[PDB]
Amino acid sequence: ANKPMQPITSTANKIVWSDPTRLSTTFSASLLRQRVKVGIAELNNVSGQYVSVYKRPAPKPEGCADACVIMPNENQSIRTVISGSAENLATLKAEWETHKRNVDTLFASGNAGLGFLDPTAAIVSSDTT
Amino acid sequence: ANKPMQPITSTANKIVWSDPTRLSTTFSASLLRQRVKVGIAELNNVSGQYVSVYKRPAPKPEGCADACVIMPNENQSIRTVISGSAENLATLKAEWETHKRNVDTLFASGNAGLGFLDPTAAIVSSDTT
Amino acid sequence: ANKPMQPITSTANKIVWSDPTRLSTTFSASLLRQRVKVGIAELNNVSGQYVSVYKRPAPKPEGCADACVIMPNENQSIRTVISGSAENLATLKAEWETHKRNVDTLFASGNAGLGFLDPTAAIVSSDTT
Amino acid sequence: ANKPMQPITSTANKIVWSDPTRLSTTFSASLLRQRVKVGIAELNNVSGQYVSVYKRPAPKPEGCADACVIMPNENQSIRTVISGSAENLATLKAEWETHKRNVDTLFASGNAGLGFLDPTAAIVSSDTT
Amino acid sequence: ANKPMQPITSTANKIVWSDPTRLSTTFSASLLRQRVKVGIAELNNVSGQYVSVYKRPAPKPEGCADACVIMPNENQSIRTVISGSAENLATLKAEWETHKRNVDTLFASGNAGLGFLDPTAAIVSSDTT
RNA sequence: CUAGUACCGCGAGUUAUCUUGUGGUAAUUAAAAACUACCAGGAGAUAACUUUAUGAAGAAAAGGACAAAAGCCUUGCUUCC
């Protein structure tokens with residue numbers, strides 16, 4: 001039951017969503033479409049840039065029930081860019097799906113968030129046996 | 001019990017742990033292997049430096065309960081460097097054990113931390129009778 | 001038991017012990033008291049340096065050995081420094097055994113003295129669960 | 001009873017005592033030994049400077065005590081210098097004995113502490129009748 | 001049952017092992033991967049430098065092992081370099097296997113180790129009849 | 001008192017972090033009086049680099065004599081620093 005956003009800046013190359021209850025949080029997606037001559041063939045390349053921004057209150061040190069004592073907000077941001085030829089969209093979606101698993105198995109379930117990299121983490125590619 | 005730290009940076013020359021609860025707490029172990037020349041014999045020397053760091057906020061003058069403002073924190077650092085030939089590790093451990101007791105006599109049980117030195121403390125060497 | 005040392009050089013800040021039978025073995029403790037001031041608080045910082053020195057003969061020809069080979073000697077040293085304010089000394093002692101515990105589980109039980117590092121070793125915090 | 005101090009800095013001339021509970025409380029003694037000649041005979045004069053320092057917090061309460069209003073300390077210093085040849089040390093102790101009573105009359109029992117001189121106060125000499 | 005080693009230092013392109021009992025013994029594996037351009041047949045090349053180092057004491061005089069006399073150890077080194085395209089690795093393994101056969105002919109079975117070269121020994125090709 | 005005895009010092013620079021806090025930049029103030037935002041900056045603690053004490057090591061490419069070279073030298077790079 002997440003709060004849905006509404007578009008704010010609608011443009012042929014950029015749309016920004018923001019939450020009515022919390023105007024601070026945003027999610028903006030921008031596309032840059034380009035035509036590429038990779039070799040003896042002309043191809044249409046697209047680079048979609050998706051960024052989600054959230055301003056959250058700081059840790060709120062313990063034993064501080066007082067309401068109007070207010071801390072500043074840090075910067076929780078996530079940026080993603082997807083670059084690939086349009087005709088290879090079907091196989092590109094496989095890349096996006098497996099990219100999520102690699103990040104999740106390394107950061108979500110792993111400890112990459114705290115700042116530690118696990119060389120023995122098991123990550124796999126899109127290609128299957 | 002105690003919350004176990006988890007490594008944040010790992011390297012064959014140094015490893016740094018940190019408390020996931022608070023990142024200020026730190027315990028870093030570093031090594032410096034060295035090949036040391038003695039009389040017609042070559043011996044492998046290892047010098048391991050171990051540092052434990054804690055940020056403790058103020059002494060918090062008692063009487064009144066703490067108002068919710070952060071106290072500037074001081075550094076409580078314990079640094080330990082152990083140097084010796086690798087092959088004499090068996091006897092160096094005994095030297096480490098008696099070293100712990102000697103410091104405990106001066107500091108854990110004495111008033112060394114307050115800045116006082118007792119020239120009558122009982123100090124026992126690694127060699128036994 | 002172990003042979004006690006007697007004080008050698010009683011200085012304003014440094015006292016050095018030494019075994020009467022073996023003058024090579026020493027245990028010197030030096031104190032440095034500093035006047036440090038933090039936010040609206042006056043602190044007495046104490047940095048205690050403790051050095052344990054032992055000169056150990058070489059591994060001694062393996063296989064066997066007589067009682068007249070007398071190999072050269074090599075330096076075994078252990079230095080620890082304890083830095084912090086005396087105002088919160090009682091809690092400063094808390095990480096001392098924790099620092100003792102962390103090094104023991106990493107160097108005594110482990111093989112860090114040889115030159116190895118164990119990124120998966122159990123390192124526990126001073127604070128309690 | 002009274003909490004004893006421990007020596008801090010030891011020197012051939014000066015030794016400083018400080019209280020473990022209150023590091024600021026201080027009793028320092030410094031001696032300057034010198035040879036002087038008056039009746040074509042050398043005399044070994046000893047000058048002993050004794051200083052006692054305490055930091056009494058000024059009378060903070062004004063009806064209101066409160067948990068943690070902390071207002072600064074004041075200087076309470078007592079310095080005594082004892083001079084005279086060690087040859088007449090036996091009678092010089094009696095001089096110290098008399099000096100104590102004379103000061104006690106003016107200050108300990110009288111109102112010299114308030115800042116008043118009593119001309120008719122009873123003052124007696126070391127020499128007895 | 002040969003003694004197993006564990007890695008000493010890790011690097012992006014270098015791993016070394018050493019025996020805990022004897023730190024002198026080492027085994028270094030270093031890789032160098034580089035992009036090789038060919039006649040419009042792109043290839044990936046690797047260069048593996050494998051070094052085995054042993055410090056062995058010089059041979060004691062014949063007919064006497066009793067006397068625990070230590071000769072200064074000498075350096076024994078075996079270094080191997082493998083270069084080739086990763087695509088042709090499968091047949092390159094046969095190259096390595098054949099290389100062993102030729103060396104064993106001169107070195108192990110033969111006496112090329114003593115400094116004597118035999119232009120008669122059978123040297124077989126990698127490919128089969 | 002002064003051959004000695006004995007006594008004294010332990011530190012460089014740059015950068016960042018924390019604490020203290022000298023001035024300046026403007027505000028309320030007739031005001032750089034004093035609180036505030038920034039900088040410079042005296043001081044104490046910590047971290048990184050050149051280099052100090054005193055620095056030391058790790059070859060793998062190049063040139064130097066030479067066959068374009070390696071082995072004899074240094075430099076690229078790194079380590080506590």
# chains A, B, ... in the order shown; residues from 1 in each chain; ligands from 1
call {"tool": "interface_residues", "arguments": {"of": "chain E", "to": "chain C", "cutoff": "9 Å", "atoms": "only C-alpha atoms", "output": "mmCIF file with N, CA and C atoms, in the first residue's frame"}}
result
data_model
loop_
_atom_site.group_PDB
_atom_site.id
_atom_site.type_symbol
_atom_site.label_atom_id
_atom_site.label_comp_id
_atom_site.auth_asym_id
_atom_site.auth_seq_id
_atom_site.Cartn_x
_atom_site.Cartn_y
_atom_site.Cartn_z
ATOM 1 N N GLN E 6 49.547 -21.559 2.961
ATOM 2 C CA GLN E 6 48.429 -20.638 2.870
ATOM 3 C C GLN E 6 48.927 -19.320 2.306
ATOM 4 N N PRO E 7 48.059 -18.555 1.651
ATOM 5 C CA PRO E 7 48.506 -17.298 1.042
ATOM 6 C C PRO E 7 49.067 -16.336 2.077
ATOM 7 N N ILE E 8 50.123 -15.627 1.686
ATOM 8 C CA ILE E 8 50.736 -14.618 2.539
ATOM 9 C C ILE E 8 50.158 -13.258 2.193
ATOM 10 N N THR E 9 50.382 -12.818 0.959
ATOM 11 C CA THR E 9 49.867 -11.542 0.491
ATOM 12 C C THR E 9 49.040 -11.775 -0.760
ATOM 13 N N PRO E 20 53.922 -22.413 6.961
ATOM 14 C CA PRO E 20 53.985 -21.884 8.333
ATOM 15 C C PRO E 20 55.182 -22.389 9.114
ATOM 16 N N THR E 21 55.573 -23.649 8.919
ATOM 17 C CA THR E 21 56.723 -24.174 9.645
ATOM 18 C C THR E 21 58.018 -23.533 9.165
ATOM 19 N N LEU E 23 59.032 -20.354 6.836
ATOM 20 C CA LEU E 23 58.592 -19.208 6.052
ATOM 21 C C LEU E 23 59.473 -18.967 4.837
ATOM 22 N N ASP E 66 75.819 -36.384 13.002
ATOM 23 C CA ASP E 66 75.753 -36.218 14.448
ATOM 24 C C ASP E 66 75.953 -34.770 14.876
ATOM 25 N N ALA E 67 77.103 -34.196 14.536
ATOM 26 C CA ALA E 67 77.414 -32.831 14.934
ATOM 27 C C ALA E 67 76.387 -31.865 14.369
ATOM 28 N N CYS E 68 75.697 -31.162 15.259
ATOM 29 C CA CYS E 68 74.679 -30.209 14.839
ATOM 30 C C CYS E 68 75.372 -28.960 14.322
ATOM 31 N N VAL E 69 75.844 -29.023 13.083
ATOM 32 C CA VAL E 69 76.543 -27.921 12.444
ATOM 33 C C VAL E 69 75.678 -27.427 11.298
ATOM 34 N N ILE E 70 75.447 -26.122 11.253
ATOM 35 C CA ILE E 70 74.544 -25.523 10.285
ATOM 36 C C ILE E 70 75.380 -24.789 9.245
#
call {"tool": "interface_residues", "arguments": {"of": "chain B", "to": "chain F", "cutoff": "12 Å", "atoms": "only C-alpha atoms (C1' of nucleotides)", "output": "CSV table (one decimal) with C-alpha atoms, in the first residue's frame"}}
result
chain,number,residue,atom,x,y,z
B,13,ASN,CA,48.6,-6.5,5.3
B,14,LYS,CA,45.8,-5.0,7.4
B,30,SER,CA,48.3,-4.6,10.7
B,31,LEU,CA,51.4,-6.6,10.0
B,32,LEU,CA,54.9,-5.9,8.6
B,33,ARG,CA,56.8,-9.0,7.6
B,34,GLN,CA,60.6,-8.5,7.6
B,35,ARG,CA,63.7,-10.7,7.0
B,47,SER,CA,55.8,-7.0,13.7
B,48,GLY,CA,52.1,-6.9,14.3
B,49,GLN,CA,50.5,-3.6,15.3
B,53,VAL,CA,39.8,3.0,19.0
B,55,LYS,CA,35.0,7.6,20.7
B,57,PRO,CA,31.3,11.3,24.6
B,58,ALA,CA,32.4,13.5,27.5
B,71,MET,CA,28.5,15.7,23.8
B,72,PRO,CA,31.8,16.1,22.0
B,73,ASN,CA,33.6,12.8,22.3
B,74,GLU,CA,37.1,12.0,23.3
B,75,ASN,CA,39.4,9.3,21.8
B,76,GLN,CA,40.1,6.2,23.9
B,77,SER,CA,42.8,4.4,21.9
call {"tool": "atom_distance", "arguments": {"atom1": "CA of residue 85 in chain D", "atom2": "CA of residue 44 in chain D"}}
result
5.4 Å
call {"tool": "select_by_dssp", "arguments": {"residues": "chain E", "states": "alpha helix (DSSP H)", "output": "list in words"}}
result
residues 89, 90, 91, 92, 93, 94, 95, 96, 97, 98, 99, 100, 101, 102, 103 and 104 of chain E
call {"tool": "residues_around", "arguments": {"residues": "residue 129 in chain B", "least_positions_apart": "5", "cutoff": "7 Å", "atoms": "only C-alpha atoms (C1' of nucleotides)", "output": "list in words"}}
result
residues 1, 2 and 3 of chain C
call {"tool": "residues_around", "arguments": {"residues": "residue 120 in chain B", "least_positions_apart": "2", "cutoff": "12 Å", "atoms": "only C-alpha atoms (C1' of nucleotides)", "output": "ChimeraX atom specification"}}
result
/B:105-106,110,116-118,122-123 /C:4-8,10,15-17
call {"tool": "atom_distance", "arguments": {"atom1": "CA of residue 78 in chain D", "atom2": "CA of residue 119 in chain D"}}
result
23.5 Å
call {"tool": "select_by_dssp", "arguments": {"residues": "chain D", "states": "strand (DSSP E)", "output": "PyMOL selection string"}}
result
chain D and resi 6-10+14-18+26-37+42-57+73-85
